[PDB]
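Undergrad: Chains as they are written, first to last, in the authors' numbering: chain A, 180 to 293, 335 to 400, 406 to 426, 433 to 453, 465 to 529; chain B, 180 to 292, 335 to 343, 350 to 400, 406 to 453, 465 to 529.
Quick one: this structure, given as structure tokens, is what I'll be asking you about.
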Ligand SMILES: [Zn+2]
Ligand SMILES: [Zn+2]
Ligand SMILES: [Zn+2]
Ligand SMILES: [Zn+2]
């Protein structure tokens, strides 16, 4: 119950000393993720001063840890708030690291080449340009993109060798700080980055070596924000949260990150709606 | 007086750096708006890069703002002209949003039939030009505009039934056809299935509750690329008030004429002969 989660919420805030106010006003509502992101911030600066991230900003990491915490704390209280998904993430069973050279966009269909990979619905659109039916996926160098996909998968395996399911799925944020209506993409941008130093040079550390690229998520349309987190670090956020919970509680509750299902809802927007400009006048026109 | 507004303008022109050529040529005369439009595009680019138009020619947008500023400059300087209206617009009290399923043309006559047209079109020279291939499609647009306006003016004691409509395009600023811009309903595709419990911005909720908006175009799409949606035209006016209220604090008086149906708006079906210039003193040779 809400009260049940409230107790669990209280504790974490006391232990990791959350500002006297935030805890006093935290009532467990969907928009209340500052105190949660705060308990994580201290626990990090206290128990993990040596966390080196890769293509991730500290704000994004502490932010994400908050979401996954809210998830657990909610899963623990058996609370579901309509029109709200705690994680701000979904699991995309991508099929990019399967057929050599082939990638498949968010639609679950192949990507039409233009070596560049474009979502098939941008057929008319000139390469890196999107239609209102697009999912907003594009890759300049298609090979790199796959290397990044192979990497996250390699990493995922190293961390979970005896998994019965999961190595094909992709943990990915569905909303950046912007959408937490606007034109352009509707989900954080997925961009592959390369690790030149790895090229030369612990199974998970070898993942980056064997596949010198990394999936990085930024803002939807870099409205734009400084959101940035690489996939593997995003996994480590989910993980660190699990441990933080396990340090404070005997059993870890089920937290189901929704599996990604395509929807028009995530379609690239090309047309805007009017937003009124501000006027101090009471009446519209003079008579 | 002329000196005052002439000074208020060169002040606004220098500030937003309009080409010295236009700066000189300007004189607060009836159809001088290029310079003003310029002051407007610059001001927009400088302090409003995030502006976004829905079915509106960018050019059409600064043109309208130019007109509204000209209106202001003129009133401010108290300089009127025998046959000119700076705004180039009128306040049509449309009754198309009041009675469910009812639309009415400029004449003030219900529109008759799927499609709905002017009563004198069951175009005839006694028509106003108004026609709608789909009734609902059309009314959905008229509803939205009322919604947007109510939002932007919640305490408005009067004006939600009116419509800021333009009277001329870059064609008539006689000639055959519709004697004013063409009003054509355009549906808002993405809004159709959007949760109306999104955020606290009501004006957007208007487009959400009524996914389709009125777009004004050329009198006869000689024809021009005049394109501007109802809400953007209202914003043209609003933003000019902003621009002005910044530099002069108190905004002057400026009444946009109210629409009164009259023959000069009837569909023109027959031309009136125009004499071709002849460089002769006498027409014939005997
Ligand atoms: Zn796609
Ligand atoms: Zn963003
Ligand atoms: Zn009529
Ligand atoms: Zn025209």
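Every residue, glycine too, gets a C-beta built ideally from N, C-alpha and C.
Could you tell me the alpha carbon to alpha carbon distance between residue 470 of chain B and residue 235 of chain B, rounded to whole angstroms?
TA: 5 Å
Undergrad: Determine the direct distance from the alpha carbon of residue 241 of chain B to that of residue 465 of chain B, and round the result to whole angstroms.
TA: 22 Å
Undergrad: Which residues, in chain order, does the region 233-249 of chain B contribute to contact with chain A at a C-beta distance below 9 Å?
TA: The residues in question are 233, 234.
Undergrad: If you pair each beta-carbon of the region 495-507 of chain A with each one of the region 237-254 of chain A, do three or more pairs fall below 8 Å?
TA: yes
Undergrad: Is the beta carbon of residue 204 of chain A sitting closer than 7 Å to the one on residue 384 of chain B?
TA: no
Undergrad: Per DSSP, which residues does residue 511 of chain B bridge with? Please list them.
TA: DSSP lists B:409 as partners of residue 511 of chain B.
Undergrad: Kindly identify the DSSP beta-bridge partner or partners of residue 338 of chain A.
TA: A:291, A:358
Undergrad: Using 8 Å as the Cβ pair cut-off and three pairs as the minimum, do the region 271-286 of chain A and the region 338-345 of chain A touch?
TA: yes
Undergrad: Determine whether the Cβ of residue 454 of chain A lies closer than 7 Å to any Cβ atom of chain B.
TA: Regarding the residue in question, residue 454 of chain A is not represented: chain A runs 453 and then 465, omitting everything in between.
Undergrad: Just to confirm, does residue 466 of chain B get its C-beta within under 6 Å of one of the non-hydrogen atoms of ligand 4?
TA: Residue 466 of chain B: yes, Cβ under 6 Å from ligand 4.
Undergrad: Is residue 397 of chain A near ligand 2 - that is, is its Cβ less than 6 Å away from at least one heavy atom of it?
TA: Yes, the beta carbon of residue 397 of chain A sits closer than 6 Å to at least one heavy atom of ligand 2.
Undergrad: Below 9 Å on C-beta distance, what does residue 511 of chain A contact in chain B?
TA: 422
Undergrad: If you count every other CB in all the chains shown that lies within 10 Å of the CB of residue 273 of chain B, and 16 or more means buried, which is it?
TA: buried
Undergrad: Between which two residues does the beta strand (DSSP E) containing residue 448 of chain B stretch?
TA: 444-449
Undergrad: Starting from residue 244 of chain A and walking both ways along the alpha helix (DSSP H), at which residues does that stretch end?
TA: 237-256
Undergrad: Closest Cβ-Cβ distance between residue 519 of chain A and chain B: below 7 Å?
TA: With a threshold of 7 Å between beta carbons, residue 519 of chain A makes contact with chain B.
Undergrad: Return the residues of the region 355-383 of chain B that lie within a Cβ-Cβ distance of less than 7 Å from chain A, sorted by chain order.
TA: 375, 376, 378, 379, 380, 382, 383
Undergrad: Using the three-state DSSP reduction, which class does residue 497 of chain A fall into: helix, strand or coil?
TA: Shown here, residue 497 of chain A sits in coil according to DSSP, grouped into three states, outside any helix or strand.
Undergrad: Can residue 412 of chain B be considered in contact with ligand 3, in the sense that its beta carbon sits closer than 6 Å to one or more heavy atoms?
TA: no
Undergrad: Please report the distance separating the alpha-carbon of residue 398 of chain A from that of residue 449 of chain B.
TA: Near 35 Å, if we compare the C-alpha coordinates of residue 449 of chain B and residue 398 of chain A.
Undergrad: Do you know how far the Cα of residue 335 of chain A is from the Cα of residue 360 of chain A?
TA: 7 Å
Undergrad: Of all Cβ atoms in chain B, is any one closer than 7 Å to the Cβ of residue 468 of chain A?
TA: no
Undergrad: Do you know offhand how far residue 355 of chain B's Cα is from residue 511 of chain B's?
TA: 9 Å
Undergrad: DSSP state of residue 201 of chain A, grouped into three classes?
TA: Assignment of residue 201 of chain A by DSSP, reduced to helix, strand and coil, places it in the helix class.
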